[PDB]
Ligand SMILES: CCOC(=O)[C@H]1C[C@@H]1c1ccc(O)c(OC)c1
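One chain is shown next in structure tokens, namely the form solved without this ligand.
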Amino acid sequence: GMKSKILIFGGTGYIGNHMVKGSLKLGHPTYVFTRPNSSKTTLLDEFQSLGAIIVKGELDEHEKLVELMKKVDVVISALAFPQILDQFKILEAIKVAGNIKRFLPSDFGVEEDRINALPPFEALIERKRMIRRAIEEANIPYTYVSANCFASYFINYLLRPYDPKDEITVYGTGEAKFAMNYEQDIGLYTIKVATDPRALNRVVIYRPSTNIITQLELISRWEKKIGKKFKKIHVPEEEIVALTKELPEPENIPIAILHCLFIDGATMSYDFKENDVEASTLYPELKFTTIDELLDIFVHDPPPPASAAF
């Protein structure tokens, strides 16, 4: 009915599929633009069975993009790091169409306009800033989402719950704080703020108070949940830093990200600004799945590990 029509790019991606599912769950007409040569045919069918309108094509099809933009109201991009600047193709279509009410570029991580990282990762977030600068210069309505750490992804990466090993790797001292949110919630809240006036032309950060922790505390809580103790093996910062200088690309990128998130503590190294919007405060009918609840999920029905593209 009055629900805004949502167009999603990168819908078959790691975080993108949660935005597609969240959009549909919220009753929004959902358009999913995806490549003709899809290896995610089983994910697309699911989207379709849920009500999504699948649109096959390439980002290079400018005319197709423009005609598509004219049919929707909101555009959300969840493209991967290798395609950050390709979002300029999406932006060009938005500019020509002229009817888009809100554009959310592919951020969904650290708040790049207030943090810096090691060269490997800095080059990537600088590309994300370029997109933001282009959006602002064109006066395109937007929302910049800083979703912080993807919880299932990093619980898998840090705790390796599927690994019966007796040791656990700690990056740096392990004392740096970070915030991590459940992917399903990131998807749901993202759709909500994309149509929320309180988020128009603002930076929205997902930092629920129940999802802030350090590597050491996460380990301790996991140990209590499963009744096992692990031998902690640390990886010195100077060591991680060196690797980002010697290892090739994209190898050194994950290492740079690990330093940013778990050593520098970039997701918790700042205080909120006047115009910042912290998402957990927006909806009294919803709440972010907490860290304890997340650990319970991994104990009862843990999700498969994943690896972002670089």
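Counting begins at 1, following the sequence as shown.
One more form of this protein exists, namely the form deposited with this ligand bound; it is left out here, but the text below deals with it.
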> Looking at the partner-bound form in the deposited bound form, is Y189 within 4.5 Å of this ligand by any heavy atom?
Replying inline: no
> Given that the partner is absent here, does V72 sit within 4.5 Å of this ligand in the deposited bound form, heavy atoms only?
Replying inline: no
> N148: heavy atom within 4.5 Å of this ligand in the deposited bound form?
Replying inline: yes
> Taking heavy atoms only, is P29 within 4.5 angstroms of this ligand in the deposited bound form?
Replying inline: no
>> Is it true that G109, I257 and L261, all three, sit within 4.5 Å of this ligand in the deposited bound form, judged by heavy atoms?
In response: yes
> For the chain shown here without its partner, which stretch in 90-98, 132-140, 150-158, 194-202 has non-hydrogen atoms within 4.5 angstroms of this ligand in the deposited bound form?
Replying inline: 150-158
> What residues of 71-94, in sequence order, lie within 4.5 Å of this ligand in the deposited bound form by heavy atom?
Replying inline: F81
